[PDB]
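Residue numbers (the deposited numbering), protein chains in the order written: chain g, 2 to 48; chain Q, 4 to 122; chain i, 2 to 44; chain V, 1 to 112.
Where a beta carbon is used, it is the ideal one built from N, C-alpha and C, also for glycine.
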RNA sequence: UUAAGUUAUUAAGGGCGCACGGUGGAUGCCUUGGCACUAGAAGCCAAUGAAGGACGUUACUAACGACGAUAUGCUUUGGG
RNA sequence: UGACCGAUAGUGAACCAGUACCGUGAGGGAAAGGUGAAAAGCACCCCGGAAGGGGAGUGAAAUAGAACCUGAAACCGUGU
RNA sequence: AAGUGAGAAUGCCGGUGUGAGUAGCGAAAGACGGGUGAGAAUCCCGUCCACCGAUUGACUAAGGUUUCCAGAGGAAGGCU
RNA sequence: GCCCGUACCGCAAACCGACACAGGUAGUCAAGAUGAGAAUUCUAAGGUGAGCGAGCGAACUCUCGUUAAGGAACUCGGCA
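If you want it as structure tokens, here you go:
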């Protein structure tokens, strides 16, 4: 129930290979000079 | 069907939202809550179309018996406005048709904010 | 649960104090030690 | 020519502010702010403020272009941490650390 | 063009070398503070209320020192 | 005066010391020095609610800006 | 002339790691509208709903020693 | 018509438990319906909505409800 040995800087950086965030949809507004969320609306993004 | 709290608690909350969305036109809440109050509000508008005594008594089993309208500057008690104004304004095949508009997430948590207005 | 050390003003000035330590010779030696050390609080 | 802008001491873990710095590295400023105004992270409005301040540094000191700008480097160094305490069970108490970050961002034009 | 056979490109990540950053306070240099002695003063204080304190006193500030309702001090010699 | 110490040393105490704190009580008892020759301690403009930056200015030096002489390892990053 | 040489004493003190973005975040039921602001699930007002109900009610005593009222906040503080 | 206490918490976020800790802390007063009752279930006053949330409805652990036909064949023992 307790780590027998300590992890290195190579085995610790290998586990953080999938630990990341994905990019958003960024549905560019038709004509308003803003940015609306995918299938959403904003006070600046007209479309 | 979806959940959230306990059987009794859920029921109570649902009734509150429905009554609050009948005397405020448009309101903003969460996604799940807006996708569950769009089936208990449309059924209430269907009972208002009939305009019979039986329906009126069945419409008082959900609508809260309070919330006296203050914007009408009178003694409107929800039901009257629903069985007089809301009912006398809809003639579509979707009875109490309502639309929902999604928006950005909240700051507190990550819940997706949404708006449900009457149509 | 009920713990120890029950606060009591009168009792605190009875068992200790400056009038109780200046009543015996054994308790008068504890006032000289603290004074020598440089304690800012004497009983 | 290039412009830089440092925050210096921010109440946020450096390992949590390094996850939003690997999404606006080597991109256009116009698309950089757009990506920062979509992510629902706790360190999204903070980085944006620094990036917006670095773009204004090359508009009054160098008076260069804005549409033709690209973020060169973007990292975050560690800063002084505060030591706290939390009472556990059986009288024993643990320790808590409040680390800070030194977010830095430099803007170039695709040439030295 | 076929059929057979020999070798590539990729880098999600990792490894080594080099260049530049950040956190941390080792090392070097310095001294208002100490330690061991030497020569010589000295070796007591107190019912004429002691040692040590409590509460106070500035023009403005909490400690620390000095001071006592004559309270950050008085009268008397000087030196300066 | 010294083939004594030079900030983990020398007194427990070079600075807020018998003080923070700990115990019903007798009692136990820390950590903490250094901008510059002189505050000349960043007038002014730009981004931000502010914090903090980028120019400019003071200086022999600003990678000397009060996390203020020098800044070593462990550890954390970016480019190649 | 010596306080003269460090890799080990479950050695003393300080700084930073690994486990890990993991375990945990310790009493009532909340829902919407308006307001304030750079920023609101969390602050202010309003309406409805619910919980304690010989008590999470009201008042003496012990004990603690300004936590009490008003105006202004930069953080630190408050398990968000 | 002298002297001392009088703010605020006080069955508790200010007392004793290192913590805004499911614990401990002497007395006085305490309404309606159902009832012999300070028991039991609702409620008037008064006090609060309790100090991280949002989705989903896997295994496994914990509290709780029901079950065809049989009825201790379970087990150290009708333990629960």
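Endpoints, the beta strand (DSSP E) within which residue i is located
| i | result |
| --- | --- |
| residue 59 (chain Q) | Note, residue 59 (chain Q): premise wrong, no beta strand (DSSP E); alpha helix (DSSP H) at 56–62. |
| residue 6 (chain V) | 3–6 |
Closest residue to residue i among the options (Cα-Cα distance)
| i | options | result |
| --- | --- | --- |
| residue 48 (chain V) | V:58, V:56, V:37 and V:57 | V:37 |
| residue 44 (chain Q) | Q:61, Q:27 and Q:20 | Q:20 |
| residue 83 (chain V) | V:96, V:58 and V:65 | V:96 |
| residue 32 (chain V) | V:59, V:42 and V:55 | V:55 |
| residue 38 (chain g) | Q:108, Q:76, Q:90 and Q:78 | Q:108 |
| residue 11 (chain V) | V:46, V:111, V:41 and V:112 | V:46 |
| residue 9 (chain V) | V:98, V:66 and V:74 | V:98 |
| residue 42 (chain Q) | Q:24, Q:94, Q:57 and Q:91 | Q:24 |
| residue 44 (chain V) | g:10, g:5, g:22 and g:6 | g:22 |
| residue 59 (chain V) | V:109, V:7 and V:6 | V:109 |
| residue 112 (chain V) | V:90, V:89, V:93 and V:70 | V:70 |
| residue 38 (chain Q) | Q:4, Q:77 and Q:92 | Q:4 |
| residue 65 (chain Q) | Q:78, Q:82 and Q:77 | Q:82 |
| residue 16 (chain V) | g:15, g:16 and g:20 | g:20 |
| residue 1 (chain g) | V:41, V:1 and V:88 | No answer is possible for residue 1 (chain g): the residues shown for chain g start at 2 and end at 48. |
| residue 16 (chain Q) | Q:56, Q:67, Q:60 and Q:61 | Q:67 |
| residue 62 (chain Q) | Q:22, Q:92 and Q:79 | Q:22 |
| residue 90 (chain Q) | Q:59, Q:35, Q:40 and Q:12 | Q:59 |
N-terminal and C-terminal residue of the alpha helix (DSSP H) that residue i is part of
| i | result |
| --- | --- |
| residue 12 (chain i) | 10–16 |
| residue 77 (chain V) | Not the alpha helix (DSSP H): residue 77 (chain V) falls in the beta strand (DSSP E), residues 70–78. |
| residue 31 (chain i) | 30–38 |
| residue 52 (chain Q) | 45–53 |
| residue 15 (chain g) | 12–16 |
Closer than 8 Å at the beta carbon, the chain V residues around residue i
| i | result |
| --- | --- |
| residue 24 (chain g) | 23 and 35 |
Residues that residue i contacts on chain g, provided the C-beta gap is smaller than 7 Å
| i | result |
| --- | --- |
| residue 66 (chain V) | Residues of chain g passing the Cβ test: none, with the nearest at roughly 14 Å. |
| residue 104 (chain V) | Simply none; closest approach about 21 Å. |
Chain V contact residues for residue i, given Cβ-Cβ distances below 9 Å
| i | result |
| --- | --- |
| residue 15 (chain g) | Within chain V, no residue comes near residue 15 (chain g); the closest Cβ sits about 16 Å away, beyond 9 Å. |
Closer than 8 Å at the beta carbon, the chain g residues around residue i
| i | result |
| --- | --- |
| residue 39 (chain V) | 22 and 25 |
| residue 69 (chain V) | Within 8 Å Cβ-Cβ: nothing; residue 69 (chain V) doesn't reach chain g, min ~17 Å. |
| residue 107 (chain Q) | 38, 41 and 43 |
| residue 104 (chain Q) | 42 |
Chain-ordered chain g contacts of residue i [CB-CB under 9 Å]
| i | result |
| --- | --- |
| residue 19 (chain V) | 20, 21 and 22 |
What ranges does the alpha helix (DSSP H) occupy inside the stretch 12–38 of chain Q, keeping only unbroken runs of at least 4 residues that lie completely in it?
34–37
Would you mind listing the alpha helix (DSSP H) stretches within the stretch 55–119 of chain Q that are 4+ residues and don't spill past its ends, in chain order?
56–62
Could you say if the stretch 101–109 of chain V and the stretch 69–80 of chain V meet the contact criterion of at least three C-beta pairs nearer than 8 Å?
yes
Please give me, in chain order, every unbroken run of the beta strand (DSSP E) with length at least 3 that falls completely inside the stretch 30–109 of chain V.
70–78, 82–87, 93–98 and 101–108
Would the stretch 44–63 of chain Q count as touching the stretch 95–105 of chain Q if we require 3 or more Cβ pairs under 8 Å?
yes
With three or more C-beta pairs closer than 8 Å as the rule, is the stretch 35–44 of chain i touching the stretch 9–21 of chain V?
no
For the pair the stretch 4–18 of chain Q and the stretch 51–59 of chain Q, tell me if three or more CB-CB distances fall below 8 Å.
no
Is it a yes or a no for the stretch 100–120 of chain Q touching the stretch 31–41 of chain Q, going by three-plus beta-carbon pairs under 8 Å?
yes
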